[PDB]
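Per chain, numbering begins at 1; letters A, B, ... match sequence-line order. Quick note: numbers below take in every heavy atom, side chains included, and nothing from hydrogens, waters or symmetry partners.
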6 protein chains.
Amino acid sequence: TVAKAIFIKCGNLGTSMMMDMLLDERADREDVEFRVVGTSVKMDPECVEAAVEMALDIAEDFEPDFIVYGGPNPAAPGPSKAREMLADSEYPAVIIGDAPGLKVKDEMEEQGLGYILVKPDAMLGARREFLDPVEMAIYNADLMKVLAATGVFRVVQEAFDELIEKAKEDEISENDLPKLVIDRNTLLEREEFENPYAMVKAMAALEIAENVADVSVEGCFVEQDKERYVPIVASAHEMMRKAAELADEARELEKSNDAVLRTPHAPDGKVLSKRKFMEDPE
Amino acid sequence: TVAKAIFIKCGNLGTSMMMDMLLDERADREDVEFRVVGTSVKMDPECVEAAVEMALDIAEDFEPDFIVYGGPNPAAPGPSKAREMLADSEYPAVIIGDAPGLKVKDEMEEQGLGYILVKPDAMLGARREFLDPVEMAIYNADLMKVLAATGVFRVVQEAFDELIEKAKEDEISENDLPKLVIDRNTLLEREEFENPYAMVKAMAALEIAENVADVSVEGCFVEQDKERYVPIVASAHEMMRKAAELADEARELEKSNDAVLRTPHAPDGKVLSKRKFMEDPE
Amino acid sequence: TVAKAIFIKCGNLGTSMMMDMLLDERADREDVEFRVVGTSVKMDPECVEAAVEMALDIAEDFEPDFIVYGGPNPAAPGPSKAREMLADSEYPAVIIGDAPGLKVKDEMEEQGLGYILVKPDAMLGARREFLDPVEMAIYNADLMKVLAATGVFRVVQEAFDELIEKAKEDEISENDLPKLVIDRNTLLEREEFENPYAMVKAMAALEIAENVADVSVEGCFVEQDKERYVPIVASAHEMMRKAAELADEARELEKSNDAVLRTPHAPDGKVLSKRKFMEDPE
Amino acid sequence: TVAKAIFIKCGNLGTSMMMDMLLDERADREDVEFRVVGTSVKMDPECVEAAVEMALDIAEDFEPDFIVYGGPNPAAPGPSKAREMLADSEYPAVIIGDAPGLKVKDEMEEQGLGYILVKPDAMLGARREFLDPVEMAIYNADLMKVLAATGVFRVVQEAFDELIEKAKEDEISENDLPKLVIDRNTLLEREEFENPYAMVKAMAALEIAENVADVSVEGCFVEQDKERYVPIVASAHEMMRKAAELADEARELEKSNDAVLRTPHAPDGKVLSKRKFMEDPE
Amino acid sequence: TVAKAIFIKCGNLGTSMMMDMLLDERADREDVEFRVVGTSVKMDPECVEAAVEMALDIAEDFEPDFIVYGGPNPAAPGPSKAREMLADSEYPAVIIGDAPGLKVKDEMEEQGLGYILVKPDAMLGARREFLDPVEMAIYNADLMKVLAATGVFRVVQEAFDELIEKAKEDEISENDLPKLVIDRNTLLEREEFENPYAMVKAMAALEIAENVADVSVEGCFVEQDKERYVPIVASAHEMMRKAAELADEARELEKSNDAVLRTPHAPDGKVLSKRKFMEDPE
Amino acid sequence: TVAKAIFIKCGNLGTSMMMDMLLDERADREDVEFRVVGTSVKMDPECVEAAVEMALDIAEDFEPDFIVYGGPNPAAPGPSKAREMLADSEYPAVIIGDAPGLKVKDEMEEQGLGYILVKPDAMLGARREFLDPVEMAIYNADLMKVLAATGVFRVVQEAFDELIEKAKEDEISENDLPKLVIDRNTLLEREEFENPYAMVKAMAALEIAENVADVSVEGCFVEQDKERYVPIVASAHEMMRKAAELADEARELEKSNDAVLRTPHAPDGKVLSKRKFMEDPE
Ligand SMILES: [Mg+2]
Ligand SMILES: [Mg+2]
Ligand SMILES: [Mg+2]
Ligand SMILES: [Mg+2]
Ligand SMILES: [Mg+2]
Ligand SMILES: [Mg+2]
Ligand SMILES: [Mg+2]
Ligand SMILES: [Mg+2]
C-alpha cells in the first residue's frame, strides 16, 4: 500500500523547504507518492488561495491521504486563508509553521488541523538594504544546518512517518494529527545524542536560533531608522551563523565517539537505525 | 507588466531548491508571479511526466511567459521525458541541471531549450548505510552555502532576471534562452569579489564541490563492497563541508574590507547594487 | 585634584569584577585613589550590611567623593539593604547591576542613587551538579571577553571617568550621577568600531549574552527535574562561549583594518585615544 | 565550625582576581565567611600599607583564622612591606604571587609565611601606547581561561580548602601553611585530565603563559624604543590569546570523552567530585 | 646486518623531501647507513645525469644494497634519463614519483625498476607571479602535513623497511622491489585509524590533494591569460591548505580516542607499534 | 656568470630542509647551479666526516664559490668536525644551525666561517615513545609553516642571494660571509608585513617556536622518568602546532589587506617584488 500526500509551500521556512524530502531521502521508497505545489515566496491571501486551489484541484484525481501546508506565520492573512480552506475540506491536514503560529493554536485545534510549530525556524533579516538573494541563501544554509544537526528534522521525520503508517490503513483521525511545538527543550527527551555535551551544544544552538526571530522582528517591523535597523537585521544573521557552528560542533562530538545517529528509510518505508559508522542500519 | 513563470522540481539539486526564491527574496516584487510544482525527490519517468502534466495543465489558465525544469541529470530517463514534453510545448523553457547534463547539451539546443548546468552542484553520497534524512539536509546546507557565498547563485539570479525583463515584453525567443555552464572558472570574470583571495578561496570551494560528484558516483555506482563504499560516500560529504568553510572564509574576507556585494530587487523588479554595509542599494 | 572613591563588591558580576581597574589600568594615575571592600560571593542582607559598614567606616577618614556598590540583582534583599544605607549617607552613590536591576530603576532614582545596569552581564548556571569553581572561572573569562571586546567596558570606563571629573570640581550633585542601561543597542550610538561587521558581530555577542540570563534562570529556579536542569544550565554556558568567540571575531576584524580603538589614561587622568597600532595616543 | 579569612588585593594577578571566589562558587557554603579589601591596582608601599592596615583593623572584630595577600611580585617594595606587616601580625598568612616571587621564597619561609606562586600568571604588556582598559580586560579574560581550564585554579582551590579544614581546629601551625610553586609540570602530578592529549595541550598552554612574562618584561622594562616595544608587548598578548585557545581545546577534548572533572563544594564545605555530565557529584 | 642505500633527489616532491628521514627518525638505527645526493630543484636531463653520476660514483666504495631516485614526473626527460642509468646498473633501484609517473609504469616494470607513485603528492602552482620561495615553503608545509597525518608516509616507511630487511638477507631480486601506487583508496586497506571519521576525513584530504594537481597543471601549462592563471594556481594552494586542515582534524579525532598509531624504529631497526599515549611501543 | 654552491645536510633542521630550494623556487634560474650531499639524519663525527669528504671530493671538478653546512647544533661533535674541515678547506663556507650554535659564534668567527643561526628552528621531541616517522613529519610541517609564513625564510633567501651576487665576482672575502642570528626580534627590522597585527602575531609564533626547544631539551636530556618525559615532549609538539596556527593567522591578515609580500626570482637571478595579488612582480 502506497501513502499519498500533497505539500503546499507558500513563503519560506527552513522546515517547509525540507519537509517532504526528509521522508524519502534517496527517492527509493516504494510506499509513498507526493505532489508539491506552491507560489514560491509569496504568501499573501491571493497567492495562498491560488496555491491551495491548485492542491485541491490535484487532490480530486490524486486522492491524497493527507495535505500539508508549510510556511511562515500561520496567524498571518495568507496562511489563515489556507487554514480556512483546508479545514473546510475532507482531507486530513497539518500546518507547519514557526513561533508566531502559537497565537492560533486554539483556532487550529477547533479547525481539526494538526500542526508542527518550529520555534527555532526564525524569520530572517528581511530589509532591502541587507537581504539580497545571496544573503537569503546563506542564512537558509545556516538555519538548515541548525535544524538538521540538532535533530529537529528527525522529530519532523518521525511525526510524518507515523502519519504515513496510518495513511496506509486509511485510518487518519483528527486525533492522529500532530500537535507539536518544537524548541530547545524538545531535545532533552530525544535519544539523539550519545555525548551529553553534543546535546547541550545543540540546545544552545536552538536557543540562539529561536532568539534570532526577535531581532529580525525588531529590525523589520519596529525600528524605522535605517542607521539602526540595517545593523540590527545583520546582527540576527551573525547569530544564526554561530548557531550553525554550535550544531556543527555537536555533530563533530558524535563523530569523535563514532555515535552519529542515522535513521534511513528502507525501500518498504521502514525507518531503520544505526550509530556506529560501519554498522548496517536495522 | 507582470512576468509569469512555472518552476518544476523533480529530484533535488542545490540550485533547483533555491532557483525561484533567488528572484523575489523578500516577496515584495510587484512584477512577477510564479507557480511551483513537482514530485519531491522522485524523478523517474512516471513521476516526471506527472509533474510536467501538472505544470502544463496549470499553464492553460496561468499563461506563463516561460517554464523552468530543475533537478539532477538532464540526461537521465525522467528528466529526458520532461525535456521532450517541454520541447513539444509552446512555452519557452529552461533546464537547470548538473554536470551530467553536458551529455545532452546538443539535444537540448536542438529541442530549443535553454539550460544552466551547474557543475559544482554535486550529487550526494546516496547509500542507505550513510545517507539518512538528517545527513541529506546537512549536505544540502553545505552545498547551499557554497553556491551562495561563491556567487554562483548570483549568476543564476542574473540570467533569470534578464529573461524576466524579456518576458514582460512577450519577446522571449529561443536565442534569448540561456546556454550556461557554470564552474570554478566562471568566477574569473564576475565582479563578485573586491578582495582577490576571496575570489581564489571561492574558486577552490567550487573546484572541491565539483570533485565531490566523482566521489559520490564512485561510491554509489561503481564500488560494490560496503566496507569500501560507505567510507567513500562519507568522504565526499567531508569534502563538501570543507568547501562550505572556504566559501565562508571568502565571505568573511569581503566583510573585513566592508565590500560585501549585495544585489537586492526593488519592488518594481530593478536589480539594485551596493558594497559598503551602510550604503543604500541603487 | 585626586578624586577618591570606595568600591563595594558583594556577589559577582563581570562588570563588578573589573569596574575599578578599568579606571587605572597601569596603576599610574595620580588624580585618583581607591579603596575596595566586600564579602566576596556572599550577598545576603547580613553580609551586605557588613560590607557597607566597612565602606562607611573607612569613608570617615578616607573621605570618598563617591561610593560604588556592585553586584548582582539590585532588587534582591541584600543589595536593597545596600541602596538603603547608601542613599541615606553623605556620599553620592552608584549601583552597578544586571538586568534584574531594571525592576527597581525608578526606586533608585527616587533614592537619589546613580546606576549602570548591564543587561549582557548574565547570571551563570549556578547548579551544584554543573558549576564548580573551574566552570565558574571559565564562564567569567568568556563574559569578561564579551564585555571588553564589544566595548561595553569602555562605556563603563567613560561613565566613571566623567564622574571623576565632576568630583574634582567638588560639585557632585544627583544630576551628575550616571543613569545607564547597557545592552546590544548601546553599540548603535557609539563609534567603537571602524568596521561595520565588527559592530554587528559585537551586537550579536551582546544579544546572546543577554539571552544567557533567561536560560540560567530557568535552569536554576524554574526547572526542577535534574535530568533537565543540568543540561539547561550547561547550554547557557555554551552560549556564552560562542558570544566570546563573536566578540573575538569582531576585534580581529578591527585588527585587519589596523583600527583597534584604544583609550588609555594619562598620568593626570585625561583619556587619550588612538586607532592605528603605531599611532601615539593623544 | 565557621572558618574566617581576609583577602587583601593590591595590583592585579589572575589568581588574586579569583582566589576567594574559587572557595564558594555558588555562595552556599555555611562553613566560611570572608572579607576582601585592597587598593585596586595600586601596589606601591603607601597603598599596600593602607591595604594591610584596613585588613588588620577589620581583623580585630572579624577574628580571621588566616589572612591572604595576593598581587604581583612578592619581591617588589609594596608587597615586601605587606610581607613584613603580616609576618609581624598575630595572623597566619599566605602570599599569592607570580614567578618574580621565587626571588624571596627563602625569605618568606623565614618570615613564617605560606605562599602560592603561580608561574603562568604572567605580567601583561603594560605600555601606555598599547594597554588601555579594554586591552587589559581582554588579556585577563584569556589568562583566566588558561588558569581555569588547565586545572591551575583547582590546585589553588584545594590548597585553601585544606587550610580551611585546619583552621576549623583553631590552630594553624606554620607547618600547615602552603608552600606551592605552580607551573606547567604541576600537571604531571595531578589527575586533572582523563584524556592524555588534553593534559599535554594544557601543559603547552601553561608553558606559553609562563613565557609571556619575559616578553612583557622586555617590552616594559628593557626596550626603550617605542617602535620596538609596542610590537613586543602586543606580541605577548597574542601569545596569551593562543594559550587560552589551547586550554579551550583541552577542555573540549575532555567533553568529547564525557570526562570533565567537576569538584563543587557542598553546603557544609565538603568538596564533591564527578566526571560524567549526568552523574551527581559525590 | 647494516643495510646501505643512496637516495638521489632532483626537483622536489613532498615524498622525496622526507623519504630517507622516515627510515631513521631519531638517527639511532644501527642497521642502516644512508647517503643522499642531488642537484636541488633542477631536474633537467643534464642535471639528473650529474646526480646519478654522483650516486654511481660513491656507490663504488659505499656499496649500497639499493639506490632510490625521487622527484617529480618520472616520465619527463630528466627522470627518464635516471631510470635508464639505474636500470642498467648493478644496484636494484626504486623510483619515487607523483601521478604523471603512471604514464611510464609498465615501462618501469620492463626496466626492472621498483616504484612508489604518490598521487596526492601534487605539483604546486609554479607561476612566477604567485610562487616565490615563501609560498613554495608554505605549500610544502601543508602537503607534508597531509602526507604525514593521513598515514601516507607510513605506507612509504613500511615499503622501504621491508626492502631493508630483504636487503640484509643479501637477496634483493626484482620480485622484491616495491610496485606501489598510493591514493585516497589506499587508506581503505589499512588499519591506520581507530576512529572511522578520522579515516574518512583523511580520505577527503587525499582526494583534495590529488585534485590540486589538475588545477596547478591548468594554471601552469594550459591557461595563458595572466588575469586567469594567477588566480587559478593560487586556488590550488588554497585547496591544499584545506586538505592539511582535514588531515589535522583527523589526527585530532585519534587524539580524542587516545588512539594515535605510532610505529617508531628500535635501535636494531625493528618497527615497534603503540596506540595509547602512555603505552610503551612493542 | 653562473654561481655554484654545495650544500651539506647532516641531521635535520627546518632551515636546512629548505635552504637550497629557497634560492630557485621554480628551477628557472640560469645564474646558479647546486649540488646537495649528506648522510640523512645521522650527524655523528663519522658520518659528518664522510659527508664533508663527499662534498670536498665533488668540489674538485664542481668548483663551487662557497659551501654550506646545515644541521642542528654547530657546537656538537659532528658539526664541530665539519666546521674544522671547512675552515681548513679552500672554500668560503657558511654554517646554518639553531640556537645551541650561539655557544660557538666567536669560534666560527675565528675559523673564518659565516653562519646563520635560527633560534626558532627548535629541536623536536625525540623520545622513542613519542616520536615515530609520522610525528616527526607533522612537527616539521608545522615548523616549516612557521619559518615560511613569519618571513624567516625570506631573511635566509636574502642572505644567500647577497652572497651569490658576491660570488659572481669570483671573490668572496670572509667579510662577505653572513653572520646572522634570527629570532622573534628580527621582524622589527624588516618590512615583511603591511598589517602590524600580522607582524605581532608572527613575532608571537617565533617566540613560541623558540621556546619549544627548551621543552624538548628537558624531555629528551633532563627528565628520566618516562611518565613525565613523554608528556613533556608531546607538549612541545602541541606548542609548535599552535605557533603554526599563529603564523597562518598572520598570513590570512595580509591576504585580507591584499598585501602579501612575494619576492620571486627572475630567470637571471634578480629578486623581484610585489604586494598586490594581481600585480606583476618587478
Ligand atoms: Mg477532516
Ligand atoms: Mg471539525
Ligand atoms: Mg487509529
Ligand atoms: Mg518555442
Ligand atoms: Mg525547434
Ligand atoms: Mg529580443
Ligand atoms: Mg525518568
Ligand atoms: Mg581585458
Side-chain angles (χ1 to χ4, degrees), chain A residues 7 9 11-12 17-18 20-27 33-43 47 50 54 58 126 128-138 140-142 144-145 147-149 151 153-154 157 226-227 230 234 244 251 261-264 266 272 274 277-278 280-281, chain B residues 7 9 11-12 17-18 20-27 33-43 47 50 54 58 126 128-138 140-142 144-145 147-149 151 153-154 157 226-227 230 234 244 251 261-264 266 272 274 277-278 280-281:
Chain A
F7 289 84
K9 302 186 183 194
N12 189 55
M17 284 193 43
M18 282 276 148
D20 52 302
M21 297 184 282
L22 294 168
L23 311 180
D24 185 18
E25 68 278 9
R26 291 171 317 277
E33 182 169 7
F34 306 140
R35 293 297 180 270
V36 182
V37 300
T39 52
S40 190
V41 304
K42 291 193 183 310
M43 57 173 282
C47 286
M54 253 193 301
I58 287 155
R128 182 174 289 94
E129 300 91 332
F130 175 70
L131 194 83
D132 72 331
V134 164
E135 182 65 47
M136 167 198 75
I138 293 176
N140 278 96
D142 284 334
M144 185 176 302
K145 172 54 174 177
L147 300 180
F153 281 160
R154 210 183 305 282
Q157 177 200 345
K226 63 165 63 70
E227 292 183 1
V230 177
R251 188 152 186 95
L261 178 66
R262 304 181 189 272
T263 57
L272 309 178
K274 57 173 284 175
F277 183 78
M278 301 295 10
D280 282 345
Chain B
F7 289 84
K9 302 186 183 194
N12 189 55
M17 284 193 43
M18 282 276 148
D20 52 302
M21 297 184 282
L22 294 168
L23 311 180
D24 185 18
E25 68 278 9
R26 291 171 317 277
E33 182 169 7
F34 306 140
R35 293 297 180 270
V36 182
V37 300
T39 52
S40 190
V41 304
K42 291 193 183 310
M43 57 173 282
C47 286
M54 253 193 301
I58 287 155
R128 182 174 289 94
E129 300 91 332
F130 175 70
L131 194 83
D132 72 331
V134 164
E135 182 65 47
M136 167 198 75
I138 293 176
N140 278 96
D142 284 334
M144 185 176 302
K145 172 54 174 177
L147 300 180
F153 281 160
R154 210 183 305 282
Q157 177 200 345
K226 63 165 63 70
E227 292 183 1
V230 177
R251 188 152 186 95
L261 178 66
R262 304 181 189 272
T263 57
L272 309 178
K274 57 173 284 175
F277 183 78
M278 301 295 10
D280 282 345

Between the CZ atom in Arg128(A) and the CG atom in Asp280(B), the distance rounded to the nearest 0.5 Å is 11.0 Å

To the nearest 0.5 Å, tell me how far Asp24(B) CG sits from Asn12(A) CG. 11.5 Å

Against chain A, label [X] side chain, backbone, both or neither, depending on which of its atoms sit under 4.5 Å from a heavy atom there.
X         : result
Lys226(B) : both
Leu147(B) : neither
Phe130(B) : both
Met21(B)  : both
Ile58(B)  : side chain
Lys274(B) : side chain

Ranked by heavy-atom pairs below 4.5 Å to chain A, first place among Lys145(B), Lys42(B), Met54(B) goes to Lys42(B)

Among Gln157(B), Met144(B), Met278(B), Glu33(B), which has the most heavy-atom pairs under 4.5 Å with chain A? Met144(B)

Are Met17(B) and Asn140(A) packed together at the side-chain level, in the sense that at least one heavy-atom pair is separated by less than 4.5 angstrom?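 Sidechains of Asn140(A) and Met17(B): no contact.
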
Proximity breakdown for [X] and chain B, heavy-atom pairs closer than 4.5 Å:
X         : result
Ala50(A)  : side chain
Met43(A)  : neither
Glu129(A) : both
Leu23(A)  : neither
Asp142(A) : neither
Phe7(A)   : neither

Looking at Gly11(A), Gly151(A), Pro281(A), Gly38(A), which has the largest count of heavy-atom pairs under 4.5 Å with chain B? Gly38(A)

For chain B, find which of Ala27(A), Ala244(A), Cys47(A), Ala234(A) contributes the most heavy-atom pairs closer than 4.5 angstrom. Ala27(A)

Please report the shortest heavy-atom distance between [X] and [Y], naming the atom on each side.
X         : Y         : answer
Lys9(A)   : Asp20(A)  : NZ-OD1, 2.7 Å
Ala148(B) : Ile138(A) : CB-CG1, 3.7 Å
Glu25(B)  : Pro264(B) : OE2-CA, 3.3 Å

Pair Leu22(A)-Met136(B), side chain to side chain contact (heavy atoms under 4.5 Å, CB included): steps then yes or no: CA-CA 8 Å; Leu22(A) 294 168; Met136(B) 167 198 75; 4.1 Å; yes

Salt bridge between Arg154(B) and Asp132(A), side-chain N to carboxylate O under 4.0 Å? yes

So that I can tick it off, tell me whether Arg262(A) and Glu135(B) are bridged by a salt bridge, with the cut-off set at under 4.0 angstrom between side-chain N and carboxylate O. yes

